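Okay, so here's the structure we're looking at.
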Amino acid sequence: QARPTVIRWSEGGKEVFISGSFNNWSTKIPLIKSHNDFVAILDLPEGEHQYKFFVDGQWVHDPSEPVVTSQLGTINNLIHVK
Ligand SMILES: OC[C@H]1O[C@H](OC[C@H]2O[C@@H]3O[C@H]4[C@H](O)[C@@H](O)[C@@H](O[C@H]5[C@H](O)[C@@H](O)[C@@H](O[C@H]6[C@H](O)[C@@H](O)[C@@H](O[C@H]7[C@H](O)[C@@H](O)[C@@H](O[C@H]8[C@H](O)[C@@H](O)[C@@H](O[C@H]9[C@H](O)[C@@H](O)[C@@H](O[C@H]2[C@H](O)[C@H]3O)O[C@@H]9CO)O[C@@H]8CO)O[C@@H]7CO)O[C@@H]6CO)O[C@@H]5CO)O[C@@H]4CO)[C@H](O)[C@@H](O)[C@@H]1O
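Residues in the sequence shown are numbered consecutively from 21, following my numbering.
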C-alpha cells in the first residue's frame with residue numbers, strides 16, 4: 021500500500037514542517053535538518069497529493085516542484101506517487 025517517499029526542502033530556514041491532503045491537513049510533520057536541506061520520509065499512497073511547508077512560521081511552497089491552486093485559492097505543491 022503506502023510508499024515511503026523522501027521529501028526534501030532546499031530553500032533554507034531554521035524550522036520546517038509539512039502538511040497536506042495526505043493527512044487531510046490534520047497536523048504538521050517536522051522535517052529534519054541535513055546539511056543545507058531539510059528532509060522527511062512520508063508513507064504516501066499512490067496518486068496525487070497536495071502539500072505545503074510551514075517554514076519559520078509561514079506557509080510557503082517549494083518553487084522547484086509542481087504547483088496547483090487549492091480549493092482555498094492558495095498555492096500548494098503537487099506530488100504524484102507511483
Ligand atoms: O494542520 C495544517 C493546517 O491546516 C489548516 O490549513 C490547511 C491549508 O493549509 C494551506 O493554507 C495556508 C495558505 O497556504 C497560506 O497562504 C495562508 O492562507 C491565507 C491566504 O493566503 C489569504 O489569502 C487569506 O485567505 C482568505 C481567502 O483568500 C479568502 O477567499 C477567504 O477564504 C474563504 C474561501 O474563499 C471560501 O472558499 C471558503 O474556503 C473553504 C474552502 O473552500 C474549503 O475547500 C475548505 O478549505 C480547505 C482546503 O480546501 C484544503 O486545501 C486545506 O487548505 C490548506 C491550503 O490548501 C494550504 O495552502 O484545508 C482547508 C480547510 O482548512 O475550507 C475553507 C474554509 O472553510 O471559506 C474561506 C474562509 O471563510 O478568507 C480567507 C481568510 O481571510 O488568509 C489565509 C490565512 O488564513 O494560511 C493557510 C493556512 O490556514 C489550518 O488552517 C492551519 O492553521 C493548519 O496549520
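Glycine is no exception: its CB is placed at the ideal position from the N, C-alpha and C atoms.
Query: Any non-hydrogen atom of ligand 1 within 7 Å of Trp79 CB; Result: yes
Query: Test item: CB-CB of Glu66 and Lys102 under 8 Å; Result: yes
Query: Heavy atom of ligand 1 within 7 Å of residue 104 beta-carbon; Result: Nothing can be reported for residue 104, as the shown portion of the chain is limited to 21 through 102.
Query: Nearest to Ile38 (by Cα), restricted to the options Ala60, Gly93 and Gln21; Result: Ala60
Query: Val26 versus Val80 - alpha carbon distance; Result: 18 Å
Query: Element boundaries [beta strand (DSSP E), containing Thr94]; Result: Looking at the DSSP string, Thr94 is not in any beta strand (DSSP E), and its letter there is neither H nor E.
Query: Outcome for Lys72 when other beta-carbon atoms lying within 10 angstroms are tallied against a minimum of 16; Result: buried
Query: Inter-residue Cα distance where the pair is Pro83 and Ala22; Result: 26 Å
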